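Asker: My file is data-v2.pdb. It has PDB, C-alpha atoms:
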```
ATOM      1  CA  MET M   1      -2.177  16.953  12.234
ATOM      2  CA  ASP M   2      -0.300  17.338   8.916
ATOM      3  CA  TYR M   3       3.503  17.417   8.632
ATOM      4  CA  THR M   4       5.696  18.344   5.663
ATOM      5  CA  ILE M   5       8.946  16.892   4.338
ATOM      6  CA  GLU M   6      10.403  18.510   1.217
ATOM      7  CA  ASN M   7      13.342  19.267  -1.017
ATOM      8  CA  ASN M   8      14.021  21.025  -4.322
ATOM      9  CA  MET M   9      12.186  18.266  -6.258
ATOM     10  CA  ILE M  10       9.057  17.237  -4.311
ATOM     11  CA  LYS M  11       6.984  18.361  -1.303
ATOM     12  CA  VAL M  12       5.138  15.753   0.726
ATOM     13  CA  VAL M  13       2.429  16.244   3.331
ATOM     14  CA  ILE M  14       1.623  13.415   5.752
ATOM     15  CA  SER M  15      -0.965  13.062   8.561
ATOM     16  CA  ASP M  16      -0.295  11.542  11.941
ATOM     17  CA  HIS M  17      -3.724   9.954  11.475
ATOM     18  CA  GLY M  18      -2.830   6.565   9.995
ATOM     19  CA  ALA M  19       0.656   7.941   9.111
ATOM     20  CA  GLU M  20      -0.972   8.644   5.739
ATOM     21  CA  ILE M  21       0.438  10.652   2.833
ATOM     22  CA  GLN M  22      -2.043  13.475   2.051
ATOM     23  CA  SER M  23      -0.214  15.122  -0.834
ATOM     24  CA  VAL M  24       2.871  14.815  -3.064
ATOM     25  CA  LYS M  25       3.611  17.752  -5.334
ATOM     26  CA  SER M  26       6.345  18.546  -7.819
ATOM     27  CA  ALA M  27       8.357  21.499  -6.534
ATOM     28  CA  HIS M  28       8.721  22.522 -10.185
ATOM     29  CA  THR M  29       5.277  22.028 -11.756
ATOM     30  CA  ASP M  30       3.003  21.986  -8.660
ATOM     31  CA  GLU M  31       1.307  18.859 -10.067
ATOM     32  CA  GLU M  32      -0.435  16.758  -7.368
ATOM     33  CA  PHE M  33       0.432  13.065  -7.525
ATOM     34  CA  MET M  34      -1.815  11.698  -4.780
ATOM     35  CA  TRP M  35      -5.516  10.899  -5.047
ATOM     36  CA  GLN M  36      -7.371  13.505  -2.957
ATOM     37  CA  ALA M  37      -9.782  11.121  -1.248
ATOM     38  CA  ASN M  38     -13.096  12.159  -2.887
ATOM     39  CA  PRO M  39     -15.579  10.531  -0.431
ATOM     40  CA  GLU M  40     -18.040   9.959  -3.300
ATOM     41  CA  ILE M  41     -15.583   7.408  -4.700
ATOM     42  CA  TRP M  42     -12.974   6.395  -2.107
ATOM     43  CA  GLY M  43     -12.429   8.576   0.952
ATOM     44  CA  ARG M  44      -8.791   7.700   1.671
ATOM     45  CA  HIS M  45      -5.511   8.852   0.078
ATOM     46  CA  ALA M  46      -2.881   6.205   0.755
ATOM     47  CA  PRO M  47      -3.660   4.027   3.808
ATOM     48  CA  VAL M  48      -1.161   1.981   5.741
ATOM     49  CA  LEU M  49      -2.297  -1.658   6.070
ATOM     50  CA  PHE M  50      -1.473  -3.300   9.439
ATOM     51  CA  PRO M  51      -1.658  -5.783  11.206
ATOM     52  CA  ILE M  52      -3.393  -7.517   8.292
ATOM     53  CA  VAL M  53      -3.532  -6.843   4.569
ATOM     54  CA  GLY M  54      -6.968  -7.394   2.998
ATOM     55  CA  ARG M  55     -10.053  -8.955   4.554
ATOM     56  CA  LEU M  56     -10.565 -11.880   6.891
ATOM     57  CA  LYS M  57     -13.522 -14.180   6.238
ATOM     58  CA  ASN M  58     -16.354 -12.811   8.405
ATOM     59  CA  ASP M  59     -13.898 -10.110   9.591
ATOM     60  CA  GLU M  60     -12.669 -12.510  12.259
ATOM     61  CA  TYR M  61      -9.944 -14.940  13.265
ATOM     62  CA  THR M  62      -9.065 -17.178  16.181
ATOM     63  CA  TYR M  63      -5.861 -17.203  18.156
ATOM     64  CA  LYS M  64      -5.217 -19.762  20.878
ATOM     65  CA  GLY M  65      -8.916 -20.696  20.672
ATOM     66  CA  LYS M  66     -10.185 -17.170  21.276
ATOM     67  CA  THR M  67     -12.133 -15.248  18.632
ATOM     68  CA  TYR M  68     -11.135 -11.729  17.590
ATOM     69  CA  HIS M  69     -12.785  -9.254  15.217
ATOM     70  CA  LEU M  70     -10.721  -7.188  12.834
ATOM     71  CA  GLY M  71     -11.765  -5.313   9.714
ATOM     72  CA  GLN M  72     -10.196  -5.198   6.271
ATOM     73  CA  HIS M  73      -6.560  -3.922   6.270
ATOM     74  CA  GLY M  74      -6.458  -3.819  10.104
ATOM     75  CA  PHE M  75      -6.468  -0.805  12.385
ATOM     76  CA  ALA M  76      -3.399   1.303  11.406
ATOM     77  CA  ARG M  77      -5.316   3.616   9.072
ATOM     78  CA  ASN M  78      -7.736   4.652  11.850
ATOM     79  CA  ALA M  79      -5.022   5.093  14.500
ATOM     80  CA  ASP M  80      -3.223   8.247  15.522
ATOM     81  CA  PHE M  81       0.562   7.820  15.473
ATOM     82  CA  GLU M  82       3.162   9.749  17.461
ATOM     83  CA  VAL M  83       5.803  11.748  15.578
ATOM     84  CA  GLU M  84       9.038  10.194  16.823
ATOM     85  CA  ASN M  85      11.482  12.108  14.599
ATOM     86  CA  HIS M  86      10.972  14.895  12.022
ATOM     87  CA  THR M  87      13.678  16.634   9.964
ATOM     88  CA  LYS M  88      13.446  18.494   6.636
ATOM     89  CA  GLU M  89      13.551  15.349   4.465
ATOM     90  CA  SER M  90      12.445  12.641   6.915
ATOM     91  CA  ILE M  91       9.665  11.791   9.368
ATOM     92  CA  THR M  92       8.962   8.707  11.449
ATOM     93  CA  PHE M  93       5.564   7.899  12.904
ATOM     94  CA  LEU M  94       5.236   5.501  15.804
ATOM     95  CA  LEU M  95       2.247   3.496  16.962
ATOM     96  CA  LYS M  96       2.278   1.218  20.003
ATOM     97  CA  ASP M  97      -0.356  -1.239  21.163
ATOM     98  CA  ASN M  98      -2.978   0.205  23.487
ATOM     99  CA  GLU M  99      -6.059  -1.023  25.365
ATOM    100  CA  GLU M 100      -8.137  -0.791  22.158
ATOM    101  CA  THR M 101      -5.739  -2.507  19.735
ATOM    102  CA  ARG M 102      -5.195  -5.319  22.245
ATOM    103  CA  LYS M 103      -8.959  -6.062  22.149
ATOM    104  CA  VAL M 104      -8.827  -6.990  18.445
ATOM    105  CA  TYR M 105      -5.173  -8.041  18.236
ATOM    106  CA  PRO M 106      -3.574  -9.746  21.286
ATOM    107  CA  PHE M 107      -0.023  -8.532  20.690
ATOM    108  CA  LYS M 108       2.257  -5.842  22.012
ATOM    109  CA  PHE M 109       4.319  -4.050  19.360
ATOM    110  CA  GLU M 110       6.088  -0.947  18.138
ATOM    111  CA  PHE M 111       5.057  -0.105  14.542
ATOM    112  CA  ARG M 112       7.044   2.616  12.786
ATOM    113  CA  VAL M 113       6.291   4.184   9.404
ATOM    114  CA  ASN M 114       9.195   6.236   8.139
ATOM    115  CA  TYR M 115       9.017   8.490   5.104
ATOM    116  CA  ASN M 116      12.122  10.023   3.636
ATOM    117  CA  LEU M 117      13.182  11.941   0.522
ATOM    118  CA  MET M 118      16.057  11.549  -1.909
ATOM    119  CA  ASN M 119      15.581  13.847  -4.910
ATOM    120  CA  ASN M 120      12.218  12.940  -6.473
ATOM    121  CA  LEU M 121      12.184   9.583  -4.620
ATOM    122  CA  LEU M 122      10.032   8.980  -1.544
ATOM    123  CA  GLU M 123      10.579   5.929   0.674
ATOM    124  CA  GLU M 124       7.798   4.450   2.801
ATOM    125  CA  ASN M 125       9.556   2.159   5.266
ATOM    126  CA  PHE M 126       7.975  -0.206   7.771
ATOM    127  CA  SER M 127       9.508  -1.376  11.023
ATOM    128  CA  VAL M 128       7.674  -3.747  13.375
ATOM    129  CA  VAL M 129       9.126  -4.731  16.778
ATOM    130  CA  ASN M 130       7.449  -7.579  18.649
ATOM    131  CA  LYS M 131       7.101  -6.613  22.341
ATOM    132  CA  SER M 132       5.025  -9.697  23.215
ATOM    133  CA  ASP M 133       6.276 -12.781  25.071
ATOM    134  CA  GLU M 134       5.151 -14.939  22.118
ATOM    135  CA  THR M 135       5.715 -14.945  18.345
ATOM    136  CA  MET M 136       3.736 -12.116  16.723
ATOM    137  CA  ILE M 137       1.744 -12.823  13.525
ATOM    138  CA  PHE M 138       1.091  -9.823  11.213
ATOM    139  CA  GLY M 139       0.687  -8.550   7.666
ATOM    140  CA  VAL M 140       1.806  -5.066   6.542
ATOM    141  CA  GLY M 141       1.350  -3.219   3.228
ATOM    142  CA  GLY M 142       1.175   0.148   1.464
ATOM    143  CA  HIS M 143      -1.839   1.414  -0.518
ATOM    144  CA  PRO M 144      -0.920   4.734  -2.233
ATOM    145  CA  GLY M 145      -3.562   6.142  -4.644
ATOM    146  CA  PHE M 146      -2.105   8.048  -7.639
ATOM    147  CA  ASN M 147      -3.978  10.567  -9.801
ATOM    148  CA  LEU M 148      -4.212  10.018 -13.541
ATOM    149  CA  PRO M 149      -3.872  13.595 -14.853
ATOM    150  CA  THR M 150      -6.510  14.585 -17.403
ATOM    151  CA  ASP M 151      -6.036  18.382 -17.604
ATOM    152  CA  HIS M 152      -4.801  18.305 -21.212
ATOM    153  CA  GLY M 153      -7.244  15.999 -22.976
ATOM    154  CA  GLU M 154      -5.969  12.698 -21.554
ATOM    155  CA  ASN M 155      -8.269   9.871 -20.555
ATOM    156  CA  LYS M 156      -7.827   6.960 -18.077
ATOM    157  CA  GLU M 157      -7.397   4.574 -21.049
ATOM    158  CA  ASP M 158      -4.292   6.505 -22.142
ATOM    159  CA  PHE M 159      -2.588   5.253 -18.962
ATOM    160  CA  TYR M 160      -1.065   1.893 -18.246
ATOM    161  CA  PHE M 161       1.131   0.006 -15.825
ATOM    162  CA  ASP M 162       4.240  -1.884 -16.742
ATOM    163  CA  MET M 163       6.101  -4.270 -14.487
ATOM    164  CA  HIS M 164       9.847  -4.833 -14.490
ATOM    165  CA  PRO M 165      11.407  -7.383 -14.863
ATOM    166  CA  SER M 166       9.117  -8.099 -17.829
ATOM    167  CA  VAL M 167       8.009 -11.602 -16.962
ATOM    168  CA  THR M 168       4.656 -13.334 -16.779
ATOM    169  CA  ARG M 169       3.520 -13.581 -13.152
ATOM    170  CA  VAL M 170       0.837 -15.521 -11.286
ATOM    171  CA  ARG M 171      -2.341 -13.509 -10.646
ATOM    172  CA  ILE M 172      -4.447 -14.425  -7.622
ATOM    173  CA  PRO M 173      -8.037 -13.514  -8.392
ATOM    174  CA  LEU M 174     -10.363 -12.184  -5.688
ATOM    175  CA  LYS M 175     -13.876 -13.580  -5.182
ATOM    176  CA  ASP M 176     -16.013 -12.112  -2.349
ATOM    177  CA  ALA M 177     -12.919 -10.437  -0.864
ATOM    178  CA  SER M 178     -11.161 -13.801  -0.377
ATOM    179  CA  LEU M 179      -8.432 -15.357  -2.548
ATOM    180  CA  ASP M 180     -10.006 -17.533  -5.256
ATOM    181  CA  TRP M 181      -6.984 -19.774  -4.820
ATOM    182  CA  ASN M 182      -7.731 -22.471  -7.391
ATOM    183  CA  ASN M 183      -8.023 -19.887 -10.143
ATOM    184  CA  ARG M 184      -4.462 -18.575  -9.837
ATOM    185  CA  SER M 185      -3.088 -18.277 -13.376
ATOM    186  CA  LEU M 186      -0.065 -16.847 -15.215
ATOM    187  CA  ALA M 187      -0.873 -13.289 -16.305
ATOM    188  CA  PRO M 188       0.538 -11.166 -19.189
ATOM    189  CA  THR M 189       2.696  -8.958 -16.939
ATOM    190  CA  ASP M 190       5.581  -9.265 -19.393
ATOM    191  CA  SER M 191       4.179  -6.215 -21.184
ATOM    192  CA  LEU M 192       2.038  -3.166 -20.363
ATOM    193  CA  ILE M 193      -1.543  -3.422 -19.119
ATOM    194  CA  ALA M 194      -3.795  -0.412 -19.928
ATOM    195  CA  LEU M 195      -6.098   1.081 -17.313
ATOM    196  CA  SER M 196      -9.855   1.280 -17.772
ATOM    197  CA  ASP M 197     -13.047   1.543 -15.736
ATOM    198  CA  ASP M 198     -13.808  -2.173 -16.390
ATOM    199  CA  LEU M 199     -10.309  -3.442 -15.490
ATOM    200  CA  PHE M 200     -11.182  -3.572 -11.793
ATOM    201  CA  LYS M 201     -14.697  -5.013 -12.163
ATOM    202  CA  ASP M 202     -13.598  -8.134 -10.267
ATOM    203  CA  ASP M 203     -11.701  -6.157  -7.583
ATOM    204  CA  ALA M 204      -7.879  -5.801  -7.181
ATOM    205  CA  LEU M 205      -5.400  -7.403  -9.573
ATOM    206  CA  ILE M 206      -3.035  -9.357  -7.294
ATOM    207  CA  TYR M 207       0.361 -10.482  -8.571
ATOM    208  CA  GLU M 208       2.792 -12.886  -6.952
ATOM    209  CA  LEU M 209       6.229 -11.242  -6.907
ATOM    210  CA  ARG M 210       9.653 -12.872  -6.786
ATOM    211  CA  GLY M 211      13.095 -11.408  -5.938
ATOM    212  CA  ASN M 212      13.743  -7.772  -4.982
ATOM    213  CA  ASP M 213      14.038  -5.922  -8.271
ATOM    214  CA  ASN M 214      10.362  -5.489  -8.996
ATOM    215  CA  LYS M 215       9.167  -2.129 -10.184
ATOM    216  CA  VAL M 216       5.691  -1.128 -11.287
ATOM    217  CA  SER M 217       5.614   1.893 -13.666
ATOM    218  CA  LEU M 218       2.522   3.964 -14.147
ATOM    219  CA  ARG M 219       2.765   5.955 -17.388
ATOM    220  CA  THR M 220       1.033   7.408 -20.432
ATOM    221  CA  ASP M 221       2.423   7.862 -23.900
ATOM    222  CA  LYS M 222       0.547  11.201 -24.055
ATOM    223  CA  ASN M 223       3.088  13.054 -21.890
ATOM    224  CA  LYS M 224       5.956  12.673 -19.402
ATOM    225  CA  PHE M 225       3.822  11.529 -16.466
ATOM    226  CA  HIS M 226       5.516   8.623 -14.704
ATOM    227  CA  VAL M 227       5.062   7.196 -11.230
ATOM    228  CA  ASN M 228       7.441   4.353 -10.394
ATOM    229  CA  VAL M 229       6.962   2.014  -7.425
ATOM    230  CA  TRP M 230       9.911  -0.161  -6.384
ATOM    231  CA  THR M 231       8.423  -2.962  -4.247
ATOM    232  CA  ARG M 232      11.746  -4.266  -2.904
ATOM    233  CA  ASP M 233      11.107  -7.719  -1.389
ATOM    234  CA  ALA M 234       7.281  -7.561  -1.269
ATOM    235  CA  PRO M 235       5.946 -11.038  -2.116
ATOM    236  CA  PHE M 236       2.779  -9.480  -3.627
ATOM    237  CA  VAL M 237       1.524  -6.301  -5.240
ATOM    238  CA  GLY M 238      -2.120  -5.307  -5.628
ATOM    239  CA  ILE M 239      -3.365  -2.969  -8.363
ATOM    240  CA  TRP M 240      -6.810  -1.487  -7.696
ATOM    241  CA  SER M 241      -9.220   1.334  -8.408
ATOM    242  CA  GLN M 242     -12.860   1.819  -7.286
ATOM    243  CA  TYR M 243     -15.718  -0.039  -8.989
ATOM    244  CA  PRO M 244     -18.619   0.348  -9.915
ATOM    245  CA  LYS M 245     -18.205   4.080  -9.055
ATOM    246  CA  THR M 246     -15.005   4.997 -10.904
ATOM    247  CA  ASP M 247     -12.587   7.912 -11.001
ATOM    248  CA  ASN M 248      -9.213   8.845 -12.460
ATOM    249  CA  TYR M 249      -6.719   7.239 -10.086
ATOM    250  CA  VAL M 250      -5.146   3.861  -9.424
ATOM    251  CA  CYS M 251      -3.515   2.303  -6.361
ATOM    252  CA  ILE M 252      -0.285   0.261  -6.525
ATOM    253  CA  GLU M 253      -0.103  -1.637  -3.247
ATOM    254  CA  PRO M 254       3.110  -3.459  -2.146
ATOM    255  CA  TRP M 255       2.082  -6.146   0.338
ATOM    256  CA  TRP M 256       3.896  -8.237   2.943
ATOM    257  CA  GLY M 257       0.613 -10.004   3.792
ATOM    258  CA  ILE M 258      -2.582 -10.958   1.987
ATOM    259  CA  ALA M 259      -6.340 -11.454   2.333
ATOM    260  CA  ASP M 260      -7.767 -14.767   3.624
ATOM    261  CA  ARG M 261      -7.922 -17.595   1.101
ATOM    262  CA  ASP M 262     -11.376 -18.857   0.251
ATOM    263  CA  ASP M 263     -10.517 -21.998   2.278
ATOM    264  CA  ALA M 264      -8.794 -20.377   5.310
ATOM    265  CA  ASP M 265      -9.584 -22.137   8.628
ATOM    266  CA  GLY M 266      -9.518 -18.803  10.486
ATOM    267  CA  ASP M 267      -6.670 -19.748  12.836
ATOM    268  CA  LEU M 268      -4.155 -16.862  12.822
ATOM    269  CA  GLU M 269      -1.345 -19.385  13.287
ATOM    270  CA  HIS M 270      -2.381 -21.088  10.013
ATOM    271  CA  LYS M 271      -3.149 -17.926   8.000
ATOM    272  CA  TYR M 272      -1.351 -17.999   4.632
ATOM    273  CA  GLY M 273       1.199 -15.255   3.848
ATOM    274  CA  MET M 274       1.516 -13.790   7.369
ATOM    275  CA  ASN M 275       4.820 -12.702   8.882
ATOM    276  CA  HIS M 276       5.991 -14.521  12.052
ATOM    277  CA  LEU M 277       8.155 -12.389  14.333
ATOM    278  CA  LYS M 278       9.878 -13.783  17.421
ATOM    279  CA  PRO M 279       9.733 -11.897  20.774
ATOM    280  CA  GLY M 280      11.924  -8.777  20.872
ATOM    281  CA  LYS M 281      12.821  -9.001  17.158
ATOM    282  CA  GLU M 282      12.434  -6.436  14.363
ATOM    283  CA  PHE M 283      10.911  -6.897  10.910
ATOM    284  CA  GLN M 284      11.743  -4.296   8.269
ATOM    285  CA  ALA M 285      10.106  -3.795   4.895
ATOM    286  CA  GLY M 286       9.156  -0.920   2.626
ATOM    287  CA  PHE M 287       8.970   0.475  -0.858
ATOM    288  CA  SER M 288       9.987   3.541  -2.855
ATOM    289  CA  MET M 289       8.123   5.874  -5.193
ATOM    290  CA  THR M 290       9.457   8.286  -7.812
ATOM    291  CA  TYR M 291       7.298  10.969  -9.436
ATOM    292  CA  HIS M 292       7.483  12.774 -12.772
ATOM    293  CA  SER M 293       5.045  15.442 -13.961
ATOM    294  CA  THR M 294       3.292  15.580 -17.324
ATOM    295  CA  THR M 295       5.959  18.211 -18.194
ATOM    296  CA  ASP M 296       9.732  18.590 -17.482
ATOM    297  CA  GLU M 297      10.915  18.679 -13.870
ATOM    298  CA  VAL M 298      12.827  21.932 -14.322
ATOM    299  CA  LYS M 299      12.420  25.575 -13.225
ATOM    300  CA  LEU M 300       9.975  27.100 -15.676
TER     301      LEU M 300
END
```
So that I can check it, write out the structure of this file as structure tokens.

Answerer:
Amino acid sequence: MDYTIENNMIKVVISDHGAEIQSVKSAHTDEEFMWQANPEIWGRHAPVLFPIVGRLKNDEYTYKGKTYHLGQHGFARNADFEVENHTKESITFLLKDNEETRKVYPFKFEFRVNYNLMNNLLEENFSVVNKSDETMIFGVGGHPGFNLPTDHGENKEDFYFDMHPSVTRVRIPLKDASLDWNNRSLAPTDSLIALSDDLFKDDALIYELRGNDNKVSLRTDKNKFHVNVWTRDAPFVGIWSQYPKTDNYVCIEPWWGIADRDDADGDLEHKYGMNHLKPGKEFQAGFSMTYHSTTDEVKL
């Protein structure tokens, strides 16, 4: 089921299936900001990643000596959430553990995804409450896909991303869906990086983030199009688009979790970059997105 939150600036449609944004449109220009999930390329819009971000080696892990099987980015995106609260400019989806999640993930939890509007700014906020009698181990992340508009002669290579603060950051390369740890290197994120079909030939660009002032701007100097993602305290951000079958979108993925390292031992308790949450406690994270059309955000 789809649900709408909206104001005078932007209108957002979100599904209770995976608590996933389906659509973000300018109230002024009717421009669509979200990738529309063409199944020929990538049949999702903006998945929620939980209780892991990225892939486990062999899609498996052990916990307390027992082996579990869990696919890339966990189960949230295939789960149906309850609508806990819904007002004009806010909606909160809730997912609890059930018989099925417990089979692949031996924890009890309350996972809430809240979306709310402030002008042309949309928050995507995560809340995880551990309901288990032991410390819960999880990753959580966003994965919004944004259109690159090409209705007025623009091309993907006219677009770029720019990270603020403008500092060089460590990139963690991916090899066979695991972190190619020993090839981490400082990357030229102190200035813009242009998009292209070939850019993502070696999978997602993964950057180590520091502090809480990080913002990734997706822009073009052809027009006024501008999507800004404020990653708050995310320790990582992934930038990705499909390859070898390409299309005109890019994902900017704030992550509080990360794929297995090439050398992971598979023990969940040893898994690098996971959050550890004591019984009864709450973890909160999230990020914010602002949208600007190719033209002015004014009444025409």

Asker: Name the residues that the PyMOL selection byres ((chain M and resi 6) around 12) picks from the file above, as an MDAnalysis selection string, using the file's chain letters and numbers.

Answerer: chainID M and resid 3:5 7:14 23:27 86:91 115:122

Asker: For a quick check of understanding, using all atoms listed in the file, which of M:207, M:32, M:38, M:179 has the smallest distance to residue M:245?

Answerer: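 Of M:207, M:32, M:38, M:179, the one nearest residue M:245, counting all atoms listed in the file, is M:38.
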
Asker: If the PyMOL selection byres ((chain M and resi 95) around 8) is run on the structure shown, which residues does it catch, given as a list in words?

Answerer: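 That selection, the PyMOL selection byres ((chain M and resi 95) around 8), comes back as residues 79, 80, 81, 82, 93, 94, 96, 97, 110, 111 and 112 of chain M.
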
Asker: Create the file for the chosen residues now, containing C-alpha atoms and written as a PDB file, in the frame of the given file.

Answerer:
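After the write, again.pdb holds the following:
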```
ATOM      1  CA  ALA M  79      -5.022   5.093  14.500  1.00  0.00           C
ATOM      2  CA  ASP M  80      -3.223   8.247  15.522  1.00  0.00           C
ATOM      3  CA  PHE M  81       0.562   7.820  15.473  1.00  0.00           C
ATOM      4  CA  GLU M  82       3.162   9.749  17.461  1.00  0.00           C
ATOM      5  CA  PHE M  93       5.564   7.899  12.904  1.00  0.00           C
ATOM      6  CA  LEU M  94       5.236   5.501  15.804  1.00  0.00           C
ATOM      7  CA  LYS M  96       2.278   1.218  20.003  1.00  0.00           C
ATOM      8  CA  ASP M  97      -0.356  -1.239  21.163  1.00  0.00           C
ATOM      9  CA  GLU M 110       6.088  -0.947  18.138  1.00  0.00           C
ATOM     10  CA  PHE M 111       5.057  -0.105  14.542  1.00  0.00           C
ATOM     11  CA  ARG M 112       7.044   2.616  12.786  1.00  0.00           C
TER      12      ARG M 112
END
```

Asker: Quick one: pull the distance between atom CA of residue M:70 and atom CA of residue M:124, Å, one decimal.

Answerer: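 Computed distance, atom CA of residue M:70 to atom CA of residue M:124, equals 24.1 Å.
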
Asker: I'd like the interatomic distance between atom CA of residue M:125 and atom CA of residue M:19, to a tenth of an Å.

Answerer: 11.3 Å

Asker: Need to verify the contact set: residue M:69, 12 Å, all atoms listed in the file, exclusion of same-chain residues closer than 4 positions in sequence. Can you return it as a list in words?

Answerer: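 Listing them by chain and then by number gives residues 52, 55, 56, 57, 58, 59, 60, 61, 62, 63, 74, 75, 100, 101, 102, 103, 104, 105, 106, 266 and 268 of chain M.
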
Asker: Expressed in Å to a single decimal, how great is the separation between atom CA of residue M:49 and atom CA of residue M:281?

Answerer: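 Atom CA of residue M:281 lies 20.1 Å from atom CA of residue M:49.
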
Asker: Quick one: of M:146, M:68, M:42, M:161, who's nearest to residue M:267, counting all atoms listed in the file?

Answerer: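 Among the listed residues, M:68 lies closest to residue M:267.
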
Asker: On this structure, which residues satisfy the PyMOL selection byres ((chain M and resi 293) around 12), written as an NGL selection string?

Answerer: :M and (9-10 or 24-33 or 120 or 147-149 or 218-220 or 222-228 or 290-292 or 294-298)

Asker: Can you tell me, as an NGL selection string, what residues are no more than 9 Å from residue M:195 when counting only C-alpha atoms, ignoring any on the same chain fewer than 2 positions away?

Answerer: :M and (156-161 or 193 or 197-200 or 250)

Asker: Please list as a list in words every residue within 6 Å of stretch 128-143 of chain M, counting only C-alpha atoms and excluding residues in the same chain fewer than 5 positions away.

Answerer: residues 46, 47, 48, 49, 50, 51, 52, 53, 107, 108, 109, 110, 111, 253, 254, 255, 256, 257, 274, 275, 276, 277, 278, 279, 280, 281, 282 and 283 of chain M

Asker: Which residue out of M:236, M:35, M:243, M:287 has the minimum interatomic distance to residue M:170 when all atoms listed in the file are used?

Answerer: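 Going through M:236, M:35, M:243, M:287 one by one, the smallest distance to residue M:170 is for M:236.
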